[PDB]
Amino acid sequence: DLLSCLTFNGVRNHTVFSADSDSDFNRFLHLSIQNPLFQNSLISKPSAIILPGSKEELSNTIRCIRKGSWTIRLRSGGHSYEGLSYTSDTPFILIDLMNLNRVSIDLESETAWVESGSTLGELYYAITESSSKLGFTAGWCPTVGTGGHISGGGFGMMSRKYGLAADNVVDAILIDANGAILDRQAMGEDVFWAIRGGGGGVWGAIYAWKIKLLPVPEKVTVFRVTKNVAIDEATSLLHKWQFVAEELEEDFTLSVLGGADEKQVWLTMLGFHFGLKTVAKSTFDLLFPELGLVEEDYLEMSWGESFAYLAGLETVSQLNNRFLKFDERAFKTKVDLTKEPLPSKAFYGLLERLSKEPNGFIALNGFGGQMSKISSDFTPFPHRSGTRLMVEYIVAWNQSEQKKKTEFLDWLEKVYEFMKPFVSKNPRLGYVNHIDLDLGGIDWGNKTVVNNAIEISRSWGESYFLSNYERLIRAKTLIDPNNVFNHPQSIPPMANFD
């Protein structure tokens, strides 16, 4: 009996299923559903939601759930593009980690222990409060949870300088399928490697991450400038952008958000420099004068301020608000990684397609810099040297546009097909933090599929992990041979014939 088990172990914060919009259950379920695509009444719902308040409670929660037949779901920030932290085709218990959001900074070692329910914003805020000369490399969305994000890699505006969040993890506490509480020494190097990018919801429950804090200057420079242009100019800008993104030294990042509506194209240029505005502007004046940036576009501020600003927040304080919703639209997104430069026609066609669907947008990031200096097998994220760009295609809509859902999905499908020739091939590469079920999924309830799970899974597995897929399967067998942590695209354990 689950409830008696939780009570016996003093895991007191839990609620059982109820449809009442008023119920604490429904409120907690919806609190961290960060893609409204998955909020409706016909979606699968948990039989109970448990909010463990310590590593011991998390351990005992897993143990209690194991006594029954339920599927475990872990949720940190709830940002799964495919809602995989709070949906399941089989009855399930949702372990919501929002109360495990403590950040402990050690300024003597310049490291931090970060409970896995902490959001990126909570982490950034904690760091800024402790020091004006330390930061951390992770994504730009402040409400993303560290649990999912670091488990999948974690790319952001400082990745060209410092790599992924997962590339800067030096220890972690993993709670395994039997509730065992394991640090790096206890879990071993294969498992410690797998958790640093091998995907959330696969290895066990991360309780906390120990991260290395990273130097930042007291003043950095950023800009966020939207150019309103026509398609010919936008194409010229994007085509040159891909090279500048690369010719820039690691102390600079220039990224782009873009979209259109008939004749009008908008390109939002996001810039970050590890340094002062005189140097930042001089560099873009020389390398990319076509951007037409002026002195007033460049803002000098602290690292903490810069991360709040790039996210469009009003204040650094807002980083610490995990429930602040800046964009409450349902969305679907796909992503590509490139190995060869994109021809101008690829950007032209992308822009033409965006002009026909104003609810669509693209997000463009260059790799290079430190991303090319990290070996493909340092952590499970393999897209290092030779990888040029990450290109994201997004379509998003509010509730008033819900009837157009299929139209938006059609547009996104067509955009991804259009880009096929220009982007990585054999296989077409992906990124596990941009999990995409279009690639397929495992029905763990189907014996025939399960027998063939490894090779069925190679489709998306090689896309996300390339040559690292094999070691991930070895690590999965080590830490979760009974496949307690599973989802449609989780790494399968090795075939066993005992």
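Residue numbers here begin at 1 and follow the sequence given. In this text, rigid core is short for the largest set of C-alphas that superpose within 1.5 Å between two forms.
**Student:** With the rigid core held as the alignment frame, decide whether 481-489 or 17-25 lies farther from the shown form in 4 other deposited structures of this protein, in terms of RMS C-alpha distance.
**Tutor:** Checking 481-489 against 17-25 in 4 other deposited structures of this protein, I find the farther stretch is 17-25.
**Student:** Using RMS Cα distance over all structures and residues, flag whichever of 316-324 and 240-248 lies farther from this form in 4 other deposited structures of this protein after a core fit.
**Tutor:** Farther from the shown form on average in 4 other deposited structures of this protein: 240-248.
**Student:** Could you settle it for me: does 79-87 or 279-287 have the higher average Cα B factor in the PDB entry?
**Tutor:** Taking the mean B-factor of the alpha carbons in each, 279-287 is higher.
**Student:** For the higher mean C-alpha B factor in the entry, choose 257-265 or 151-159.
**Tutor:** Between 257-265 and 151-159, it is 257-265.
**Student:** If you compare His239, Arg384, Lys403, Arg428, which has the highest Cα B-factor in the entry?
**Tutor:** It is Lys403.
**Student:** Out of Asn321, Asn168, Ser131, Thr71, whose C-alpha atom has the biggest B factor in the entry?
**Tutor:** Highest C-alpha B-factor among the listed options: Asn321.
**Student:** Would you please rank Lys414 by its C-alpha temperature factor against the other modelled residues of its chain and give the third it falls in: lowest, middle or highest?
**Tutor:** Middle third, going by the recorded CA B-factors of the chain.
**Student:** Comparing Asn486 with the other modelled residues of its chain, is its CA B-factor in the lowest, middle or highest third?
**Tutor:** Lowest third, going by the recorded CA B-factors of the chain.
**Student:** Could you tell me which third, lowest, middle or highest, the C-alpha B-factor of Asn452 occupies within its chain?
**Tutor:** Highest third, going by the recorded CA B-factors of the chain.
**Student:** Would you mind ranking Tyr298 by its C-alpha B-factor against the rest of the chain and naming the third, lowest, middle or highest?
**Tutor:** According to the entry, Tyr298 has a C-alpha B-factor in the chain's middle third.
**Student:** Can you tell me whether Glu250 has a C-alpha B-factor in the lowest, middle or highest third compared with the other modelled residues of the same chain?
**Tutor:** Middle third by C-alpha B-factor.
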